[PDB]
Each structure stands twice: as structure tokens, then as C-alpha cells.
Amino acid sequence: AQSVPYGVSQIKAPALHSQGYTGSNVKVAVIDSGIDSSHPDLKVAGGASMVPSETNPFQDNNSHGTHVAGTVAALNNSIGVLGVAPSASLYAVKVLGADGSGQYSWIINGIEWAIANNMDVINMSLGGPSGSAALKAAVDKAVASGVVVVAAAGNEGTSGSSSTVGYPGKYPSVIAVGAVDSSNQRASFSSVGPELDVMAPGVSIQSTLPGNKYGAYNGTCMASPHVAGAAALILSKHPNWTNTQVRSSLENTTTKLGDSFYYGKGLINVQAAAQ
């Protein structure tokens, strides 16, 4: 039997599914550790690997990318879980190796690939503490090219009044996603700062794992794909909307939570964002 992870229901994705909006024909690039293309509950449309020692983007040697992918688009059927945009076209853009790390240069090449292959949405459930002019130029270019760019805010928790949002999430062109639990309470590890844009479920998120498995993971890296999937649902209903229109709607229809420093604009509500 199929289970609907609480987070998918929390952002109100099922309401859109019942109306026929499931992310069909929307291309979402999961820039991560790859995606296990053989998972029964996932369909991968294509991809590319930027990791020198791991040239196969469809072999996720970490598990992270597959989990993120499942939150974005686990198939709607009679098994496993259900993604936010179950009909979205998933692309595995591998920029992180088995150990979960990757060079900014590889990530930039992944963003370039996404732009060249007309991705509609980019999800980057990854980050680093170091700023980068080239990385900023890359995400800015993707956004200028019309791509909705979403990234995890980071799991660095709080640090007084200082921002703990990592890169690329910290860049203005990127939608930085924080994590809340099923009670809409900010996860203790969720990064904070003025760069935080929206929140999504990021605690004990059940999704697909390599080798026909499923499991619950924690992280703003689990929250991010809820928003990337949300963008895909919105585009499946309004295919002509620019990324600016998609982002504006997502941020203007959130359910307001706590102070913006800790919750950004609040929890996304994709049903409302779909107008």
C-alpha cells in the first residue's frame, strides 16, 4: 500500500493532486548525490554526473539524492510513498559523491547543465559556509534564464543574531528553505537569518532510499524538495508563469509562523500558491 508522508499533506499538495495537478511535464533537476533510477517508486527522465570519480548519475552511492528525489516526485501508485509532484520529470544531476561532498566547480557545472537542458526547477539540498562569486553567478544565471532555484537553508541552527544560512541558499536569487516539524515548529537545527525565505516539513521525512527502500531523514535538505515539488505543481497548472510569478505566489501564500529571522515568510501552502 502507498503512504502519504505527513509533509506532503502539510503543504496541501493532495488538494492539487485531486484536481489533476501533479507536476506533469515539469522538469526538476535534483542537484545532489545522484538518484537511484531503479527504485520502483521513482521514474528518472535523465541527468548527468559532474563527479569525476562517479560518472553515473543514476547510481546514488550516498542515499541523500534518492531521498530528496522521492520527496519531489515519488510516484502515485499502490506502493511506497507519494511525492509533492508525482508526475514531475526528475533529472539526476550528480554533483556530490558517495561521501556527500562536492566541489563548487562541479555544482556550477551541474547548474550549467540544468540551464542547457531547460530545467524548470532546480533543487539544491546542499550547502557550504564559504561564499563564492562563481556560485552566485551560476545561480543568478539560472534564475535569469527562468529557472526556479530552491535550496536548503542549512542545518546550522542558531548563533545569536548572526545568520547561519549556508551557500547557495544565502544568495538572494535562491529560495532558501528552512525546516519545521508536523506542529509547524522550527526544527532546532534549521538555519536562521534574513536570507531564510520559507519553511517546509524537514523532520522525520519519509521518502525513497536506494535498493527499493524507504526511510525517515531529518534536514532542511528534506524541506527544500517540498518547495521544489511545490514549484512543479504550480507550473503544471500555470505552465506560462515565469519563475518570478511562481516564487511570488509561493511566498505570498504562506501560512505565517514565527519571526521571519527564524521562519522566513512561513510554511508554504501550495494549494493557495496554485491560485
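Residue positions are given as counts along the sequence shown, with the first one as 1.
In this crystal structure, the stretch out of 177-185 and 112-120 whose C-alpha atoms carry the higher mean B factor is 177-185. Legend: mean Cα B-factor per stretch from the PDB entry, 151-159 versus 201-209; the higher mean is in 151-159. If you compare the C-alpha temperature factors of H226, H67, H238, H39 in the entry, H238 comes out highest. Sorting the modelled residues of the chain by their CA temperature factor places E54 in the highest third. Sort the chain's modelled residues by C-alpha temperature factor and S130 lands in the highest third, per the entry. Ranked by Cα temperature factor within the chain, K94 sits in the lowest third according to the deposited record. Sort the chain's modelled residues by C-alpha temperature factor and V84 lands in the lowest third, per the entry. Ranked by C-alpha B-factor against the other modelled residues of its chain, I107 falls in the middle third.
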